[PDB]
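Chemist: Just passing along the structure, written as structure tokens.
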Amino acid sequence: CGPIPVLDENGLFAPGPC
Amino acid sequence: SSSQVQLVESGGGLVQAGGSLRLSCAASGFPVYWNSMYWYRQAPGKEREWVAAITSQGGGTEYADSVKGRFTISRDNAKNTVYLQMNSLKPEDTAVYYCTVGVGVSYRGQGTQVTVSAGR
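Keeping their order, the protein sequence lines are chains C and A. Numbered per PDB author numbering, the first sequence finishes at 18, counting up by one with no gaps. Numbered per PDB author numbering, the second sequence finishes at 117, counting up by one with no gaps.
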């Protein structure tokens, strides 16, 4: 399953496993 | 945080000679477009073997002679993934394939097993 929006420390999204 | 950097390879498996496979190296913790990345392979006993590289930005791609014309390295900047297209697979291609990134500080994946068998 292709990457998904993952919440980072800065309250923004980055690619991560799903 | 170096901890956040993660490389995860998938796509390996069993395949007959002359067949094809697509390996994925899914990256998190950094942007693939801005970091040169490499595929390596490691068969048991034998020494590690570099397979291909994709330079950051438009710097291009490079391949080990053994794989030139057979393998293709590519990058999806959005999905933050690097691929290794494998065609015309031989038995000497059997190995664990893993990706790496970084100059001075190197990171790497665990790898995905690729086995190539000969047929009738």
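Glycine included, every Cβ here is placed at the ideal spot set by N, Cα and C.
Report the partner residues of A/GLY101 according to the DSSP bridge assignment.
Modeler: By 1-based counting over the second sequence, the position of residue 101 of chain A is 104. Its beta-bridge partners do not exist; DSSP assigns none.
Chemist: Going along the region 16 to 29 of chain A in order, which residues come within less than 7 Å of chain C, judged by CB to CB distance?
Modeler: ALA23, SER25
Chemist: Taking all protein chains shown into account, do 16 or more other C-beta atoms lie within 10 angstroms of the C-beta of A/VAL79, making it buried, or fewer, making it exposed?
Modeler: Position 82 of the second sequence holds residue 79 of chain A. Looking at its Cβ environment, which holds 16 or more other Cβ atoms inside 10 Å, A/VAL79 is buried.
Chemist: Out of A/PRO41, A/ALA40, A/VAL64, A/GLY42, which one is the CA nearest neighbour of A/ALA50?
Modeler: Within the second sequence, the letter at position 53 stands for residue 50 of chain A. Here the closest residue by C-alpha is A/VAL64.
Chemist: Counting only Cβ pairs nearer than 9 Å, list the residues of chain A close to C/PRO17.
Modeler: As a working mapping, residue 17 of chain C is identified with position 17 in the first sequence. What C/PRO17 touches in chain A: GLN3, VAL5, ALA23, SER25.
Chemist: Using CA atoms only, rank isn't needed, just tell me which of A/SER17, A/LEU18, A/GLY26, A/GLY9 is closest to A/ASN77.
Modeler: Here residue 77 of chain A is taken as the residue at index 80 of the second sequence, counted from 1. Nearest option by C-alpha distance: A/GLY26.
Chemist: Taking 9 Å as the CB-CB limit, is A/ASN77 close to chain C?
Modeler: Position 80 of the second sequence, counted from the first residue, corresponds to residue 77 of chain A. Yes, A/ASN77 lies at the interface with chain C (some Cβ there is under 9 Å from its Cβ).
Chemist: Would A/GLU6 and A/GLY106 be called neighbours here (beta carbons separated by less than 9 Å)?
Modeler: As a position in the second sequence, residue 6 of chain A is number 9, starting the count at 1. As a position in the second sequence, residue 106 of chain A is number 109, starting the count at 1. Contact: yes.
Chemist: Out of A/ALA24, A/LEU20, A/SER103, which one is the CA nearest neighbour of A/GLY10?
Modeler: To locate residue 10 of chain A, count along the second sequence from 1; it is residue 13. A/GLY10 has its Cα closest to that of A/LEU20, out of A/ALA24, A/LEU20, A/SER103.
Chemist: With which residues is C/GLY16 paired in a DSSP beta bridge?
Modeler: As a position in the first sequence, residue 16 of chain C is number 16, starting the count at 1. Bridge partners of C/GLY16: C/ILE4.
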